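S.K.: no letters, just coordinates:
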RNA sequence: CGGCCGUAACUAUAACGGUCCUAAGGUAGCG
RNA sequence: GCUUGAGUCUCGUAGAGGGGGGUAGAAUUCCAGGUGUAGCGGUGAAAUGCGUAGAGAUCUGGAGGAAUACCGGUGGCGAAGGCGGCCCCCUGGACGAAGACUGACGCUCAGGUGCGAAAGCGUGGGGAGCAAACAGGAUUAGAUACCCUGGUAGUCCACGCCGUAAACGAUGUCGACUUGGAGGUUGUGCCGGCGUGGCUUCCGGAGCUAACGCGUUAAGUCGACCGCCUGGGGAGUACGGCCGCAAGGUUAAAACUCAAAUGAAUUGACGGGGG
Ligand SMILES: C[C@H]1O[C@H](O[C@H]2[C@H](O)[C@@H](O)[C@@H](O)[C@H](O)[C@@H]2O)[C@@H](N)C[C@@H]1NC(=N)C(=O)O
Ligand SMILES: [K+]
Ligand SMILES: [K+]
Ligand SMILES: [K+]
Ligand SMILES: [K+]
Ligand SMILES: [K+]
Ligand SMILES: [K+]
Ligand SMILES: [Mg+2]
Ligand SMILES: [Mg+2]
Ligand SMILES: [Mg+2]
Ligand SMILES: [Mg+2]
Ligand SMILES: [Mg+2]
Ligand SMILES: [Mg+2]
Ligand SMILES: [Mg+2]
Ligand SMILES: [Mg+2]
Ligand SMILES: [Mg+2]
Ligand SMILES: [Mg+2]
Ligand SMILES: [Mg+2]
Ligand SMILES: [Mg+2]
Ligand SMILES: [Mg+2]
C-alpha cells in the first residue's frame, strides 16, 4: 500500500497521475488484492476515481 | 466502385453465428458475409471454421474496393472471434488495429431467465 | 481490449497480444456472466461457496 | 375382478 | 377448469 | 396430441 | 443392472 | 462496550 | 443532532454548572430540544422509519428520566416540565 | 460550510470565464464568505466527449459559504448553458494548498 | 365461442385414449 | 449515601444506516436517417418469428425506462426486513481517546404499539429490459411443462393497504464467568516493534451434546425475565371472534384413525453423483 506508506489522509480526485496507477488499460479500478492497497484507502480510491470519471479527468471505458 | 483503401472489419461473433461486415472508416458497409450464409447450418454454423469462410467470402465481396488496411472491431463471445481475424490477414489485408467492442452494461437491463435444460 | 499493431511485427504476435488483453479485461467471462439473470440469493450462494473453497 | 380399490 | 381451449 | 388430456 | 431405475 | 457482543 | 452551542446553552440553562452535563434536568432538556427539532424533519420525511426509531428512543429515554426524577424529587419534576412545556 | 466547486465551461466561452469567476466569487463574498482556493485550470482534453465537445475550460474553487448561496450557485450553473458540468463537494476543512 | 368414438376389477359414469373439424370451441360465475 | 450498572457532555473515526433532491457513464429497446444485401434469429436439431415493403450487420442523430460493471472483500452498515455509481440537503445509530457530570435512573416484558422481503390489493402515474397468465413453435405415447419465438399483469414511481417467508444462526433478550490458535475490519496509546478497545470470519481445547456438532460471538458454567413444546395423522383445518377492499392473516378445536411418526449416526445397496 503506497497510501499508508506515504500517510495520505485522503486520496484526491484531482490527483490524476496517482489515480492512473490504480486503473487498468480498460479504465477499470484495479482490486486491492492486486495493488496491495489497504481496505480503507481502496474505498477512498474508488470514490476518487468515480469523481474523476464524472468530471472527465479519467475515462469510464477505453471505448467512448 | 471507388477505392476505400483503409477499411474496418466488424466481427459480430455470437454463440450461434458470425457476421463479418467490412466498412469504410465512417462505418458505411462495403460488403458482408455470415457463417450461416457460407454453407454452414446448426452445429457447423457455430464453429471457428464457418467464421473463417465467412471472413474469406467477405474479403471477396469487397475486392473491387481494393482495401489494403483493416482495423478490426471484434464483438461478442462467439467461436469465430479469432479465426475471422486470421482469415483477413491471410486474405492480404494489413491488420493495423484489433479492438474488442463487446457491449458490457455497467450494472443496466435484466438479462433473460436461466435455461433449465 | 484495444491493440494497435506496431511496425515490423508478426500478425500471430499482434493477435496473441489481443488474445492476452481480452483474457485480462475478462470480457468473455463478463459476457457469460450476463447471459442469464442470477437471483441475488443465487449470487450470494455462489459467492459464499467460492469463499469457503478458497479457505 | 373388485369391491375394495379393486 | 378446461378440456375443450379452456 | 393437446390441452384437451393431450 | 440399466435403463429401467437402473 | 453492551448490546452489540458487549 | 444538536449543535455544540445549542447543547452548551441547554447545559447552562437547566444545569447547576457549565460542567453539570449529567443532571437529569439537563438530560431531559437536551432530549426535549432534539425531539422538538426532529418534529420538522419527520413532517417532511414521513417514511424515514430508521431515523424515527432513534427519535422514539429519545422519547422513551426522556420518559424514564422524568419517571426517575418524579419519584426522586417531585418539586424538581414539576419545575422541569413547566420550563420545557411537557404534559408529563 | 466548506465546499470544493469544480465547473467546466464550453471551450468557446473561455473568454467569459474571468467574468464568471468574478460574478460567482462576488456572490460568495457578498454573503460573508471566503474564497480559500481559486484555480483557473484553463482548457483541458476531456477523457470522453460531453455534448460533442472534446475540451472544456475547468475552474476549481474552494469556498467557505452558507448553504443557501451555494445552492443558488448550483442553480446558476444549471441555467447557464456555458457551464457544461459542475461538481460541488463538501470538505471538512478549508483547502488552500496548491491543487495537483 | 364444436362434434365423434372408445376406456376404471358390480353396474353406471368416464379422470384417461384416439379421432374429425374450427378464427376460437363458453372460462369464472350462475342455472 | 456510594460509583462499579445505566445514562449525559467534550473531541475524533469508519460505514451500500435512513429520508429527500439532483446528476453521470455503459448497455438494452424503440424511432428517424446513411451505407449495404440476403439472410437474420433461435436450437441438441428444428420450427414459430423477423427480412427484398431491404432485415440482420454497420454508422449517425433522437426518445425513454430501469439498473448501477470495475471497486467488491465469509468487506461494511442497520433491531430485523434490508441497504451498493457520483453529488448535495435533512437525519438515526455505533465506536474510540482523555477527562468532567448524574447517581441504580437498571434488566426483562403478557396485553399494547411500531417496523416488517417477495408476491398481492386500491387510486393515480410510468413502462426500456424482464416476465406469471396467454398465444404460437418444438419435444413426447401424451407434454396444459422443461426448450424456442412472442407476450399482458407485474416488476418501476407516489400515496394507502396487506403482515406473511426455509422472515434461518431453523439458536429470545440482558448480565457474569470459563484454556488456545489463525484471520478480516475499524479506532487508539507507546518506541516496522509493543500493546489496548469495538465489530466480525474460521479452526479447535475443557465442558456440553442422542449424535451431528457447539466451543469466550457456546449448544460450556450460572443468574433475571419473556415466548414456546407435550406421539403421528386429521390440522394450523373446521366453527366462533378479531383484523383485511380482497387475497387472506391471526387466535384455534373435535370426532375419527394409526402404533408408530421422528432425529442423528452405522453397514450395505443404489444414483441419468465424483475420482
Ligand atoms: C426424463 C424424464 O425424467 C423423469 O422420468 C423418469 C422416467 O423417464 C424413467 O427414466 C424412470 O422411470 C425414472 O425413474 C423417472 O424419474 C420425469 N421427470 C419425466 C422426464 N421426461 C420428460 N420431461 C419428457 O419426457 O419430456
Ligand atoms: K448548465
Ligand atoms: K413493563
Ligand atoms: K408488459
Ligand atoms: K459418533
Ligand atoms: K378464523
Ligand atoms: K390422536
Ligand atoms: Mg450518517
Ligand atoms: Mg412488491
Ligand atoms: Mg399496483
Ligand atoms: Mg421474453
Ligand atoms: Mg418464455
Ligand atoms: Mg410464521
Ligand atoms: Mg433473510
Ligand atoms: Mg440463512
Ligand atoms: Mg422460526
Ligand atoms: Mg453488525
Ligand atoms: Mg468449532
Ligand atoms: Mg442441546
Ligand atoms: Mg386458517
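M.R.: Yes, it's here. Numbering: from 1, shown residues only, chains lettered A, B, ... in the order given. Ligands and ions are numbered 1, 2, ... in the order given.

S.K.: now the element after the one helix or strand residue I:71 maps to, going C-ward?
M.R.: Using DSSP states H and E, residue I:71 falls within helix I:49-72. The helix or strand immediately downstream of helix I:49-72 is helix I:74-84, counting by DSSP H and E.

S.K.: neighbours of the residue lying closest to residue B:5 once chain neighbours are set aside, how many?
M.R.: Among residues not flanking residue B:5 along the chain, residue B:68 sits closest, at 5.4 Å (Cβ to Cβ, 6 or more residues apart in numbering or on different chains). Yep, even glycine has a C-beta here, placed from its N, CA and C like the rest. For residue B:68, the count of nearby residues is 14 (other Cβ atoms under 10 Å in any protein chain shown).

S.K.: same check, this time on residue C:28
M.R.: 16.

S.K.: what about it, which helix or strand?
M.R.: helix C:27-33.

S.K.: show me what contacts the closest residue to chain E within chain C?
M.R.: Using Cβ to the nearest Cβ, residue C:37 is the residue of chain C that sits closest to chain E, at 32.0 Å. Contact analysis of residue C:37 by Cβ atoms under 8 Å, 6 or more residues apart in numbering or on different chains lists B:110-114.

S.K.: how about residue A:20?
M.R.: Residue A:20 neighbours (Cβ under 8 Å, 6+ apart): residue A:58.

S.K.: for it, helix, strand, or coil?
M.R.: helix (DSSP: H, G, I helix; E, B strand; the rest coil).

S.K.: circling back to that earlier point, any idea how far the residue nearest to residue B:5 is from chain C?
M.R.: 14 Å (Cβ to the nearest Cβ, to the nearest Å).

S.K.: circling back to that earlier point, the residue nearest to the residue of chain C closest to chain E when sequence neighbours are not counted: how many residues sit nearby?
M.R.: Excluding the flanking residues, the one nearest residue C:37 by Cβ to Cβ, 6+ apart is residue B:111, at 4.8 Å. Using other Cβ under 10 Å, residue B:111 has 12 other residues around it.

S.K.: what does residue B:85 give?
M.R.: The local packing of residue B:85 (other Cβ under 10 Å) involves 27 other residues.

S.K.: gap between it and residue C:21?
M.R.: 13 Å (Cβ to Cβ, to the nearest Å).

S.K.: likewise residue I:72?
M.R.: 76 Å.

S.K.: who has more neighbours, these two?
M.R.: More crowded of residue I:72 and residue C:21, by other Cβ under 10 Å: residue C:21, with 19 against 10.

S.K.: excluding chain neighbours, what is closest to that one?
M.R.: residue C:1 (4.1 Å).

S.K.: mind listing what the one you found touches?
M.R.: A:26, B:99-100, C:18, C:21-22, C:24-25, C:27.

S.K.: among those, pick out the one closest to RNA strand K, please.
M.R.: The shortest gap between RNA strand K and any of the contacts of residue C:1 belongs to residue C:27, at 46.4 Å (Cβ to the nearest atom of the strand).

S.K.: that closest one contacts residue B:104, correct?
M.R.: Yes - the pair residue C:27 / residue B:104 is scored as a contact, 6.9 Å apart, by Cβ atoms under 8 Å.

S.K.: higher neighbour count, those two?
M.R.: Using other Cβ under 10 Å, the more surrounded residue of residue C:27 and residue B:104 is residue C:27, with 20 against 17.

S.K.: so how far is residue C:43 from that one?
M.R.: Using Cβ to Cβ, residue C:27 is found at 20 Å from residue C:43.

S.K.: contacts only, for residue 5.
M.R.: With no chain named, the answer covers chain A. Applying Cβ under 8 Å, 6+ apart, no residues contact residue A:5.

S.K.: switch to chain C, that's the one I care about
M.R.: Applying Cβ under 8 Å, 6+ apart, the residues near residue C:5 are B:95-98, C:11, C:14.

S.K.: out of those residues, who's the most crowded?
M.R.: residue B:98 (26 neighbours).

S.K.: spit out the contact partners of it.
M.R.: Per Cβ under 8 Å, 6+ apart, neighbours of residue B:98: B:71-72, B:74, B:85, C:3, C:5, C:14-15, C:18.

S.K.: narrow these to those in strands?
M.R.: The strands in this structure, assigned by DSSP state E, contain B:71-72, B:74, C:3 from those.

S.K.: distance from the top helix by length along chain B to the middle of the chain?
M.R.: In chain B, assigned by DSSP state H, the helix with the most residues is helix B:48-61. Offset of helix B:48-61 from its chain centre (Cα atoms, centre = their mean, to the nearest Å): 9 Å.
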